[PDB]
Amino acid sequence: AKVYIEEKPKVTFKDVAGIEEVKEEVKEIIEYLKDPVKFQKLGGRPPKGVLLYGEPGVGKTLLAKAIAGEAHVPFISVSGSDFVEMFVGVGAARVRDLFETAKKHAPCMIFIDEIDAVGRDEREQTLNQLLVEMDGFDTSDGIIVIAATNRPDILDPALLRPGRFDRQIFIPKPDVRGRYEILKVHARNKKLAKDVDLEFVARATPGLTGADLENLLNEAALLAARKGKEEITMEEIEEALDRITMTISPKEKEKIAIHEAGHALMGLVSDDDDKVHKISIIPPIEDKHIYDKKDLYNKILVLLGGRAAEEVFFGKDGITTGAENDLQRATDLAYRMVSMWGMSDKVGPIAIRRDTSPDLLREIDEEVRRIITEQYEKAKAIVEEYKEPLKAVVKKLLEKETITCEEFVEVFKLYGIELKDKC
Amino acid sequence: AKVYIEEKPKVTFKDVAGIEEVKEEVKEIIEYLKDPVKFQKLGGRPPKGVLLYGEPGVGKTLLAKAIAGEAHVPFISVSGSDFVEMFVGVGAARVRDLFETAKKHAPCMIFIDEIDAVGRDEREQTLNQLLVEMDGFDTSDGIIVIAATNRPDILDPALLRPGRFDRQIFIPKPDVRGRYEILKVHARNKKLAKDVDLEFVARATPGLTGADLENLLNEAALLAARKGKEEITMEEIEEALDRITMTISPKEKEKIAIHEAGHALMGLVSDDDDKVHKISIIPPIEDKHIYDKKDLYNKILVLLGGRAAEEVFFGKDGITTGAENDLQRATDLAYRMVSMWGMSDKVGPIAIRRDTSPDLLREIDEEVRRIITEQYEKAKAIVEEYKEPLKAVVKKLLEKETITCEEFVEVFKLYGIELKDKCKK
Amino acid sequence: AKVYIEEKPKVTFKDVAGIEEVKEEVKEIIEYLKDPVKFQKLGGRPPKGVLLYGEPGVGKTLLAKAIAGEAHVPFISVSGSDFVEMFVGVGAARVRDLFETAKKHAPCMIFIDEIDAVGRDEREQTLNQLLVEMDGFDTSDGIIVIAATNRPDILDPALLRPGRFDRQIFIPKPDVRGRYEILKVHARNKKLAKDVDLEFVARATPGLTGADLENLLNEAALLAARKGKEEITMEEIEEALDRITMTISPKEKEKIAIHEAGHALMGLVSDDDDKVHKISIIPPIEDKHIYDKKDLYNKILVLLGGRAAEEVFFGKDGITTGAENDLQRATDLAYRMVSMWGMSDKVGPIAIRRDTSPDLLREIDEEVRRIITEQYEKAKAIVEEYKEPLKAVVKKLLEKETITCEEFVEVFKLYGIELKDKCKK
Amino acid sequence: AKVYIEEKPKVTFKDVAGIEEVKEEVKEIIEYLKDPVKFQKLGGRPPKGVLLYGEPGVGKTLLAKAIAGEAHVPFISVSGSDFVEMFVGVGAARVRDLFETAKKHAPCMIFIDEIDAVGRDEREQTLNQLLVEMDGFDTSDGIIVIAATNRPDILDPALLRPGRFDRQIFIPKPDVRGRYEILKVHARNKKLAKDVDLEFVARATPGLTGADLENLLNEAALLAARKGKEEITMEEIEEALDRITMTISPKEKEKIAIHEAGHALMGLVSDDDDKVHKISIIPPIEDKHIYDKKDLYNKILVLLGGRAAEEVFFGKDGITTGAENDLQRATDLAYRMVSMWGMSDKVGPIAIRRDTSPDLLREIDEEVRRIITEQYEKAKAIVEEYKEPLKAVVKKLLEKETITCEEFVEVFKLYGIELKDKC
Ligand SMILES: Nc1ncnc2c1ncn2[C@@H]1O[C@H](COP(=O)(O)OP(=O)(O)O)[C@@H](O)[C@H]1O
Ligand SMILES: Nc1ncnc2c1ncn2[C@@H]1O[C@H](COP(=O)(O)OP(=O)(O)O)[C@@H](O)[C@H]1O
Ligand SMILES: Nc1ncnc2c1ncn2[C@@H]1O[C@H](COP(=O)(O)OP(=O)(O)O)[C@@H](O)[C@H]1O
Ligand SMILES: [Zn+2]
Ligand SMILES: [Zn+2]
Ligand SMILES: [Zn+2]
Ligand SMILES: [Zn+2]
């Protein structure tokens, strides 16, 4: 209940590296905090709140410090685990004074990490106060709020409606080039040897954040100060790596890559789809859109891809618990197809209101097995057909850790195959 | 809780366009706020509350501003997300002072948008206060209240009884002629080029409101002020259209039209049914009444129409998730027919009230499938027979976006098909 | 909470018309409020409360005003939607002062409409206070209370025990002769033309109250004052009739009449039963007693009558959703017969009380279908046998809208058919 | 919250008539209130509370007035619908002052009718106070409490434990000789004609109390004062009888008698039983006792009696809804026999814990039908065998309305049949 800062940061876009795509979506806020009078006189409207969700230590705080730093504007930073009811509470009266001090020091930026504890009675009185405080203040104030979290699924859905945090940005765990740039950000301060290679350190860290990697480069100098050395060598670097041993094994990495390449392939091959994106080893579909039967079969096909890719590559005994949600998602889509949208000829256009006769349930299930197995046999076949260019995609994927959409189809072009422009 | 405005509006029936049918039902309120002493001395009774429900940004606020504006009467406005309990509360004492200030500034109009948050037990004590405040004041006060919402299904049913909001008006998302008139309202202020066409902008905006369309015409001048131009050209207009890409694709528009024309045809053809209304692409069936077996089959037939129209036009692989509620509604009607109203010869006049033997459940289901498939085969056949007049409807429907029942019937007349006078007035 | 009247009414039995049977049961209260000293010195006991339940606007308030008016005694009136808890409450202390002011102005009458909102724990504290306030005061006080409602099913069952409202009177929606007499009460004040006929207005209003009818005759003079006429003609009368369009269609009226005639026939024909009452087109089983198997079959037979009458008259496609409760009630009686009272030879004298094997459930259901279909085939056969005198009843019933049991019997006697003496007295 | 009396009654055992068996169980209280010093010096212990339960108007108040009247001791009478919470409440402080005033006016009697409303939170604070107030006071105080009710099933079970109302007495609706004596109690005050017969009035009143019969003899004099007569004749007596038209029809009376004679016969005939009592037309079995298989079959047999008697006398179409509880009770006993006590050879000594396989449920049910039908066929047969003496018992039963145990077996003796001394 006492953590918020008000500093003019020294940490800009130089201290942050690896999340270049995330950097391109925060530049419109940088141009806004620099000159809000340029945004006010024109007639535009900025986001009243920008969300920074992801795994613990992905660089949530550092991104918020870079936006205020690059724009030469103040930075405020408090925690959400601070506001806890201890003798009823004045949790709501707090929020009222945040925007009042922001208008006194306008333009400026505000930040609140782990706001999922206060925002999950008295708890809703403080939560609803923050909602009104966002809808009240306008563009003329020249201030913006950023609220981070460790879990996005446990925050209140009302803290996501327009005017009450409408922009959503995801900060992912760093890849090979993502970690190599992090290992160059912290290395500017510390003294490193001539025999040290940052590329092997970046390669041998799957399932490790930018913050958990900072713990490794700080303990390497700590072990160099304990032993007695003026240069951080490979011996103390590899020692801190054993403190960590969680992490993705190289065998698992292969399984993940093949699974991920399955989905990707499936989409870049089916009749008509809804955009293929970046393929990375670093770990519902109905919306307000209207779909036909052909569309949903392909939705199921993609969902089944990775498992089929696993089955094709490692065999029946090789399939993993990775396809857990994909299997579920696919089946559920298939039950909605049969029992809800009447897309089963055997079951007819009847719609089961989810007292249903056992025979009808049988018919529904039997048809859902028919759809799933049918599409699964179809996915397996496509992987079987494109095994060799996939093998290659997977090698590229294991080294880079993340491959965008383009190059995959180009790797397929190398194997004389034309897919479809679905990036 | 603390938003309330009492302005003499400058925005009248000139600033609102596209909802001409909605405009005809609010003119009796315009003649009432102008001279209430004419309505008092005669002996008539006005609505104590008029509902303005629809999608977010359909022009709920602007319609309420036009009624007060055209009648030259004040306009009060506040939000329903304001009155939230913060240490028990004094939310009821508020409502008491609304009608008191209204009688001091009589005649005048009152408006409250998103009243679904306050009206969804402290919450019920503020809710019940508003109910009494409506039944208390009479015609002599010369004041009316209008309460808007983003969802009509989440408001309290007591806020719909006579004397406590008895009038219901729906504001729909604008069509082609509805958006073209909206594209002429916000263009009076801004400077437009000679090469710009508002008809193509209106045609390329399916699933877009009047408020989401002003966001497009305001960003087009913003992009013209950023680049450096004195005239808003087609280049910056089409650019703001890419910022939007929750819209209906042209292929989807066809699917929607065929589905919607299915329902209409079904209804306009059914032996006996009751009323067919405006057909449009822009996206419990009993009442008190008494229906016979023949009636309910036709009710199911209509419900199945659109899907059958989809199946006939696009094929088995072409049927969409659009028929979701129709399919459900139809099945439920068929179960009520079998298990509740004893309209199944095989099942008899027995009536199931949920301990029911597995065999009987089987029999019930098997008959429900028999009725649904039977009627569905019937709908498909009706569509098949009138494919050509239906394609002609679909054509009109895609261009105008909304057609009337009379317009539908006229197209059929042209093909030499006389349909039942099931048209609403 | 704050409505309470105490006027000496001008409205007597002259202003109330159509409910003549309801008027005969309120005359003992008229003779009581006129001279209570005649009722006290003799030794008799009057009802401490008389219930006035029915549809909204059946003439609940007007009946209570006629009893006080005819007896030349004061009339107190208040609403039940007034007493709502707002900061805990002092709702019980109110009821205490009602009977105290009644003893000061003795003899007098008290009335409370919509008492179903206050009487549906603070809510129970005010409710229980009213219960004690009834048991406390006696015949010597010379006062009587009348509490009306819009729904009888939502009031507390304790407000129906002896000493706490023991008398129950139902005010029904007016019929043809009922509405014609209503049309003559509200016409004494207004000026009517020579070409106007009140009999056609009385005939073309099915499913319309005495109050919803007053809305029609008041708007007819309103349209005559708007247009500019000194006499209310047929043109403005028929115009106000289009403002109304949840009425009963003439086709529906026939279906209702036939259904209603089925139930009556079934009754007046069955071996032995428990009386047949007024048959009317104007739109939870048994007591302790002790019944035999033969009686319950006949109870089911009557329940099935109307549906059988529908099937016989309109055919299989013609059966309506009207038989919904009958069908249910009949089936439930049949399950109680089989699974509870061991009246099924196939199932034996075992008594199921819900872990029952699937086979036994099957046996139970199969027997219930056997009973229902058996009795239904029996009802259909009776309606078929008596289709002719029944068509006659239906005819009388459509014109009069309501016929007595005796009127039915009579119609049958004409076709030389003796029925059982099962009419109520 | 203001109803209790403190009178020296004038109404004794002369004003009460028909409930002579109930009169014999209240005489030990009469000898106690007369001289409690005789009961205290000897060493005996009287009941701290005596229950008076039955139908509304059976003569609950009048019995309590007769005990205080015959013993020449005061009588206190309040209602249980008086103590209702209106602004929290001082319901408990009341009970404390009842026994204090009782010790000041010792010896005396206390009475509370409809105590089921106060005794069904704050409600339990007043209820528990009455419990302690009973256990506290002893024999030396020379006072006794009597609490009546309209329903015995809705009062608290704690108001039935020893020291807290241990004595239970049932006051039944009057019979023919029961009503004839009531019609002679109220007739002492009023003037009756020479052509009037009280025996026909007593015969034509089935399902009518002593209080509901007082309403008839008071309205007969009211109709005699309205018309203008000095003597209450048969014309005004029969008129008040039409105000009543609830009542048992003569056809129903026959059905009831036959049913009741069924049970009676069954018990007076089966292998070994647990006492047959008075047979009257006026409308679980496991306890802390151990039963064998033979015993429970006979328990079921009796339970099925009346229905079998109905079936034998009126036929299959003639069976009534009267056997409702008997049928249920019998079946439940049969399920406990099969599924709980393992008394079914087909089902074995397994005990179903009331996830039970459908087949086993079938087996259980099939055996319960086997027991019920078997015993039912047995009951029907016994009625069939003793139809003629039963016919007679039923005639005797219709005229007297209540026949004790003895005479039934004597009526059977008249038809040369010997039953067993089970009275
Ligand atoms: N992507 C990154 N690039 C550079 N440094 C990083 C990155 N992510 C984390 N760090 C460093 O890790 C440390 C702690 O991480 P932090 O930003 O607080 O993580 P989070 O806010 O997600 O919990 C900081 O010193 C920060 O510089
Ligand atoms: N049966 C009737 N006969 C005559 N007038 C009637 C009748 N029923 C209703 N009205 C008239 O309708 C008006 C309002 O009806 P009201 O008595 O208040 O209905 P309710 O009390 O059932 O809600 C009154 O002016 C009353 O005279
Ligand atoms: N068994 C009876 N014998 C004589 N009089 C009776 C009998 N039962 C009731 N009464 C009379 O009926 C009247 C009211 O009955 P009451 O004793 O108050 O019934 P309860 O207490 O069961 O409600 C009294 O005047 C009483 O004398
Ligand atoms: Zn996957
Ligand atoms: Zn549809
Ligand atoms: Zn019916
Ligand atoms: Zn019995």
# chains A, B, ... in the order shown; residues from 1 in each chain; ligands from 1

call {"tool": "residues_near_ligand", "arguments": {"ligand": "ligand 2", "cutoff": "8 Å", "atoms": "only C-alpha atoms and all ligand atoms", "output": "PDB file with C-alpha atoms, in the first residue's frame"}}
result
ATOM      1  CA  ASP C  15     -72.367   1.448 -11.440  1.00  0.00           C
ATOM      2  CA  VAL C  16     -71.444  -2.310 -11.263  1.00  0.00           C
ATOM      3  CA  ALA C  17     -73.008  -4.678 -13.869  1.00  0.00           C
ATOM      4  CA  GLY C  18     -72.323  -8.116 -15.375  1.00  0.00           C
ATOM      5  CA  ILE C  19     -71.173  -9.906 -12.187  1.00  0.00           C
ATOM      6  CA  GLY C  54     -58.848 -12.292 -10.580  1.00  0.00           C
ATOM      7  CA  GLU C  55     -57.217 -10.858 -13.747  1.00  0.00           C
ATOM      8  CA  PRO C  56     -55.953  -7.194 -13.721  1.00  0.00           C
ATOM      9  CA  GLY C  57     -58.971  -4.892 -14.232  1.00  0.00           C
ATOM     10  CA  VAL C  58     -61.910  -7.325 -13.632  1.00  0.00           C
ATOM     11  CA  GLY C  59     -63.597  -4.724 -11.345  1.00  0.00           C
ATOM     12  CA  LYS C  60     -61.965  -5.594  -7.971  1.00  0.00           C
ATOM     13  CA  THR C  61     -61.930  -1.960  -6.660  1.00  0.00           C
ATOM     14  CA  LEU C  62     -65.447  -1.179  -8.034  1.00  0.00           C
ATOM     15  CA  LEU C  63     -67.016  -4.206  -6.216  1.00  0.00           C
ATOM     16  CA  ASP C 113     -55.376  -4.111  -3.795  1.00  0.00           C
ATOM     17  CA  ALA C 148     -57.504  -7.774  -3.764  1.00  0.00           C
ATOM     18  CA  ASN C 150     -53.523  -9.531  -9.677  1.00  0.00           C
ATOM     19  CA  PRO C 174     -67.065 -10.188 -18.654  1.00  0.00           C
ATOM     20  CA  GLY C 178     -71.665  -8.966 -18.952  1.00  0.00           C
ATOM     21  CA  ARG C 179     -70.027  -6.487 -21.378  1.00  0.00           C
ATOM     22  CA  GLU C 181     -74.304  -4.109 -19.197  1.00  0.00           C
ATOM     23  CA  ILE C 182     -70.770  -2.569 -18.788  1.00  0.00           C
ATOM     24  CA  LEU C 183     -71.282  -0.689 -22.138  1.00  0.00           C
ATOM     25  CA  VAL C 185     -72.883   1.953 -17.362  1.00  0.00           C
ATOM     26  CA  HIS C 186     -70.062   4.051 -18.997  1.00  0.00           C
ATOM     27  CA  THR C 209     -62.110  -6.761 -19.160  1.00  0.00           C
ATOM     28  CA  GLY C 210     -64.594  -4.122 -17.874  1.00  0.00           C
ATOM     29  CA  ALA C 211     -61.638  -1.703 -17.398  1.00  0.00           C
ATOM     30  CA  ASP C 212     -59.926  -2.430 -20.800  1.00  0.00           C
ATOM     31  CA  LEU C 213     -63.479  -1.797 -22.233  1.00  0.00           C
ATOM     32  CA  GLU C 214     -63.658   1.620 -20.459  1.00  0.00           C
TER      33      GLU C 214
END

call {"tool": "residues_near_ligand", "arguments": {"ligand": "ligand 3", "cutoff": "8 Å", "atoms": "only C-alpha atoms and all ligand atoms", "output": "PyMOL selection string"}}
result
chain D and resi 15-19+54-63+113+148+150+174+178-179+181-183+185-186+209-214

call {"tool": "residues_near_ligand", "arguments": {"ligand": "ligand 6", "cutoff": "7 Å", "atoms": "only C-alpha atoms and all ligand atoms", "output": "mmCIF file with C-alpha atoms, in the first residue's frame"}}
result
data_model
loop_
_atom_site.group_PDB
_atom_site.id
_atom_site.type_symbol
_atom_site.label_atom_id
_atom_site.label_comp_id
_atom_site.auth_asym_id
_atom_site.auth_seq_id
_atom_site.Cartn_x
_atom_site.Cartn_y
_atom_site.Cartn_z
ATOM 1 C CA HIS C 259 -62.912 -28.165 -25.451
ATOM 2 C CA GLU C 260 -65.025 -26.726 -22.608
ATOM 3 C CA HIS C 263 -65.193 -31.529 -20.027
ATOM 4 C CA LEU C 303 -59.667 -34.444 -17.617
ATOM 5 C CA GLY C 306 -61.940 -31.461 -23.995
ATOM 6 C CA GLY C 322 -55.174 -26.060 -24.567
ATOM 7 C CA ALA C 323 -55.152 -29.624 -23.267
ATOM 8 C CA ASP C 326 -55.525 -31.538 -18.496
#

call {"tool": "interface_residues", "arguments": {"of": "chain B", "to": "chain A", "cutoff": "6 Å", "atoms": "only C-alpha atoms", "output": "PyMOL selection string"}}
result
chain B and resi 317-321+324+327-328+331+361-362

call {"tool": "residues_near_ligand", "arguments": {"ligand": "ligand 4", "cutoff": "9 Å", "atoms": "only C-alpha atoms and all ligand atoms", "output": "PDB file with C-alpha atoms, in the first residue's frame"}}
result
ATOM      1  CA  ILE A 256       7.277 -29.571 -29.661  1.00  0.00           C
ATOM      2  CA  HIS A 259       3.761 -30.720 -33.174  1.00  0.00           C
ATOM      3  CA  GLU A 260       3.918 -26.982 -33.976  1.00  0.00           C
ATOM      4  CA  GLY A 262       1.871 -29.977 -37.825  1.00  0.00           C
ATOM      5  CA  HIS A 263      -0.595 -27.185 -37.028  1.00  0.00           C
ATOM      6  CA  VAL A 302      -5.674 -27.954 -38.068  1.00  0.00           C
ATOM      7  CA  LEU A 303      -6.486 -28.768 -34.409  1.00  0.00           C
ATOM      8  CA  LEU A 304      -5.542 -32.364 -35.128  1.00  0.00           C
ATOM      9  CA  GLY A 305      -2.363 -31.459 -37.135  1.00  0.00           C
ATOM     10  CA  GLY A 306       0.345 -31.513 -34.437  1.00  0.00           C
ATOM     11  CA  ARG A 307      -0.835 -34.881 -32.989  1.00  0.00           C
ATOM     12  CA  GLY A 322       0.886 -31.951 -25.763  1.00  0.00           C
ATOM     13  CA  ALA A 323      -2.180 -32.608 -27.930  1.00  0.00           C
ATOM     14  CA  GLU A 324      -4.331 -32.389 -24.717  1.00  0.00           C
ATOM     15  CA  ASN A 325      -6.147 -29.113 -25.539  1.00  0.00           C
ATOM     16  CA  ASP A 326      -6.081 -29.688 -29.344  1.00  0.00           C
ATOM     17  CA  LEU A 327      -7.802 -33.040 -28.921  1.00  0.00           C
TER      18      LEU A 327
END

call {"tool": "interface_residues", "arguments": {"of": "chain C", "to": "chain B", "cutoff": "9 Å", "atoms": "only C-alpha atoms", "output": "PDB file with C-alpha atoms, in the first residue's frame"}}
result
ATOM      1  CA  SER C  81     -46.939  -2.253  -3.539  1.00  0.00           C
ATOM      2  CA  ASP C  82     -46.564   0.714  -1.078  1.00  0.00           C
ATOM      3  CA  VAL C  84     -41.599  -2.022   0.778  1.00  0.00           C
ATOM      4  CA  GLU C  85     -38.637  -2.264   3.253  1.00  0.00           C
ATOM      5  CA  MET C  86     -36.361   0.840   2.940  1.00  0.00           C
ATOM      6  CA  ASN C 218     -63.200   6.920 -23.392  1.00  0.00           C
ATOM      7  CA  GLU C 219     -60.948   6.985 -26.531  1.00  0.00           C
ATOM      8  CA  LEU C 222     -61.493  11.477 -27.384  1.00  0.00           C
ATOM      9  CA  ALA C 225     -63.369  15.621 -29.657  1.00  0.00           C
ATOM     10  CA  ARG C 226     -60.207  15.448 -31.889  1.00  0.00           C
ATOM     11  CA  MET C 246     -54.341 -10.111 -26.959  1.00  0.00           C
ATOM     12  CA  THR C 247     -57.981 -10.899 -28.015  1.00  0.00           C
ATOM     13  CA  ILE C 248     -59.573 -14.354 -28.794  1.00  0.00           C
ATOM     14  CA  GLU C 252     -60.054 -19.989 -31.347  1.00  0.00           C
ATOM     15  CA  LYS C 255     -61.916 -24.491 -30.318  1.00  0.00           C
ATOM     16  CA  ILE C 256     -62.259 -23.246 -26.679  1.00  0.00           C
ATOM     17  CA  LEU C 304     -59.357 -35.997 -21.065  1.00  0.00           C
ATOM     18  CA  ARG C 307     -58.957 -32.921 -25.932  1.00  0.00           C
ATOM     19  CA  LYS C 316     -55.936 -35.118 -35.233  1.00  0.00           C
ATOM     20  CA  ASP C 317     -54.334 -32.009 -36.879  1.00  0.00           C
ATOM     21  CA  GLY C 318     -56.856 -29.840 -35.019  1.00  0.00           C
ATOM     22  CA  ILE C 319     -55.955 -30.668 -31.383  1.00  0.00           C
ATOM     23  CA  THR C 320     -54.605 -27.620 -29.495  1.00  0.00           C
ATOM     24  CA  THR C 321     -52.128 -26.628 -26.764  1.00  0.00           C
ATOM     25  CA  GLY C 322     -55.174 -26.060 -24.567  1.00  0.00           C
ATOM     26  CA  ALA C 323     -55.152 -29.624 -23.267  1.00  0.00           C
ATOM     27  CA  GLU C 324     -51.674 -28.921 -21.720  1.00  0.00           C
ATOM     28  CA  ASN C 325     -52.700 -28.987 -18.002  1.00  0.00           C
ATOM     29  CA  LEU C 327     -53.066 -33.952 -20.167  1.00  0.00           C
ATOM     30  CA  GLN C 328     -50.515 -33.465 -17.377  1.00  0.00           C
ATOM     31  CA  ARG C 329     -53.100 -33.652 -14.536  1.00  0.00           C
ATOM     32  CA  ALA C 330     -54.543 -36.884 -16.067  1.00  0.00           C
ATOM     33  CA  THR C 331     -51.112 -38.554 -16.464  1.00  0.00           C
ATOM     34  CA  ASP C 332     -50.049 -37.608 -12.920  1.00  0.00           C
ATOM     35  CA  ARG C 354     -38.099 -42.653  -5.283  1.00  0.00           C
ATOM     36  CA  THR C 356     -36.162 -48.021  -8.771  1.00  0.00           C
ATOM     37  CA  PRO C 358     -35.348 -49.674 -14.987  1.00  0.00           C
ATOM     38  CA  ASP C 359     -37.711 -52.641 -15.734  1.00  0.00           C
ATOM     39  CA  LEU C 360     -40.126 -51.590 -12.998  1.00  0.00           C
ATOM     40  CA  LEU C 361     -40.137 -47.991 -14.306  1.00  0.00           C
ATOM     41  CA  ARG C 362     -40.963 -49.424 -17.757  1.00  0.00           C
ATOM     42  CA  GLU C 363     -43.846 -51.484 -16.305  1.00  0.00           C
ATOM     43  CA  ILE C 364     -45.165 -48.346 -14.482  1.00  0.00           C
ATOM     44  CA  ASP C 365     -45.033 -46.162 -17.613  1.00  0.00           C
ATOM     45  CA  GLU C 366     -46.519 -48.885 -19.884  1.00  0.00           C
ATOM     46  CA  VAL C 368     -49.931 -45.403 -17.254  1.00  0.00           C
ATOM     47  CA  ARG C 369     -50.085 -45.291 -21.102  1.00  0.00           C
ATOM     48  CA  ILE C 372     -54.581 -42.856 -20.370  1.00  0.00           C
ATOM     49  CA  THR C 373     -55.185 -44.239 -23.910  1.00  0.00           C
ATOM     50  CA  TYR C 376     -59.073 -41.249 -23.915  1.00  0.00           C
TER      51      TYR C 376
END

call {"tool": "residues_around", "arguments": {"residues": "residue 175 of chain C", "least_positions_apart": "2", "cutoff": "9 Å", "atoms": "only C-alpha atoms", "output": "PyMOL selection string"}}
result
chain C and resi 18+172-173+177-180+202-203+205-208+280-282+400-402

call {"tool": "residues_around", "arguments": {"residues": "residue 223 of chain D", "least_positions_apart": "5", "cutoff": "9 Å", "atoms": "only C-alpha atoms", "output": "compact mmCIF listing (two decimals) with N, CA, C and O atoms, in the first residue's frame"}}
result
# COMPACT_ATOMS: atom_id res chain seq x y z
N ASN D 218 -76.06 -24.82 18.70
CA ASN D 218 -76.17 -23.39 19.00
C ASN D 218 -76.89 -22.63 17.87
O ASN D 218 -77.59 -21.66 18.15
N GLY D 228 -89.12 -17.95 15.46
CA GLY D 228 -90.04 -17.64 16.56
C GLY D 228 -90.66 -18.86 17.19
O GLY D 228 -91.85 -19.13 16.99
N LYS D 229 -89.86 -19.62 17.96
CA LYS D 229 -90.29 -20.83 18.66
C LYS D 229 -89.68 -20.91 20.06
O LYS D 229 -88.56 -20.44 20.27
N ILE D 232 -86.86 -26.12 20.53
CA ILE D 232 -85.99 -26.48 19.39
C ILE D 232 -86.51 -27.81 18.81
O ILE D 232 -86.38 -28.85 19.46
N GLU D 236 -85.41 -27.28 12.56
CA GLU D 236 -84.29 -26.34 12.72
C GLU D 236 -82.97 -27.07 13.02
O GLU D 236 -81.90 -26.53 12.76
N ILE D 237 -83.06 -28.30 13.57
CA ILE D 237 -81.92 -29.17 13.88
C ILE D 237 -81.33 -29.70 12.57
O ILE D 237 -80.12 -29.62 12.36
N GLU D 239 -81.81 -28.38 9.63
CA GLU D 239 -81.44 -27.20 8.82
C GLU D 239 -79.97 -26.83 9.03
O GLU D 239 -79.26 -26.57 8.05
N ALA D 240 -79.51 -26.84 10.30
CA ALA D 240 -78.13 -26.54 10.69
C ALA D 240 -77.16 -27.62 10.18
O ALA D 240 -75.96 -27.35 10.04

call {"tool": "residues_around", "arguments": {"residues": "residue 273 of chain A", "least_positions_apart": "2", "cutoff": "9 Å", "atoms": "only C-alpha atoms", "output": "PyMOL selection string"}}
result
chain A and resi 267-271+275-276+295+298-299+422

call {"tool": "write_last_selection", "arguments": {"atoms": "N, CA and C atoms", "output": "short mmCIF file (atom, residue, chain, number, x, y, z; two decimals), in the first residue's frame"}}
result
data_model
loop_
_atom_site.label_atom_id
_atom_site.label_comp_id
_atom_site.auth_asym_id
_atom_site.auth_seq_id
_atom_site.Cartn_x
_atom_site.Cartn_y
_atom_site.Cartn_z
N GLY A 267 -2.85 -25.70 -41.71
CA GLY A 267 -3.44 -24.41 -42.07
C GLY A 267 -2.97 -23.94 -43.43
N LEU A 268 -1.64 -23.97 -43.67
CA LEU A 268 -1.06 -23.59 -44.95
C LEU A 268 -1.41 -24.58 -46.07
N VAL A 269 -2.34 -25.53 -45.86
CA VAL A 269 -2.69 -26.53 -46.87
C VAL A 269 -4.22 -26.66 -47.03
N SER A 270 -5.01 -26.52 -45.96
CA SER A 270 -6.48 -26.70 -46.03
C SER A 270 -7.18 -25.66 -46.94
N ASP A 271 -8.30 -26.11 -47.57
CA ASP A 271 -9.22 -25.48 -48.55
C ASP A 271 -9.32 -23.96 -48.40
N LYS A 275 -5.80 -17.20 -41.38
CA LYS A 275 -4.39 -16.76 -41.19
C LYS A 275 -3.50 -17.66 -40.33
N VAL A 276 -2.33 -18.04 -40.89
CA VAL A 276 -1.24 -18.79 -40.27
C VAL A 276 -0.25 -17.75 -39.74
N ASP A 295 -15.71 -25.34 -43.41
CA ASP A 295 -14.86 -24.52 -42.56
C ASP A 295 -14.49 -25.21 -41.24
N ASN A 298 -12.12 -28.16 -41.50
CA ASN A 298 -10.75 -27.66 -41.60
C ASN A 298 -10.26 -27.10 -40.27
N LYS A 299 -11.17 -26.55 -39.44
CA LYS A 299 -10.80 -26.03 -38.11
C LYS A 299 -10.30 -27.20 -37.23
N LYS A 422 -0.90 -17.45 -46.83
CA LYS A 422 -1.81 -17.37 -45.70
C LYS A 422 -1.12 -16.78 -44.45
#
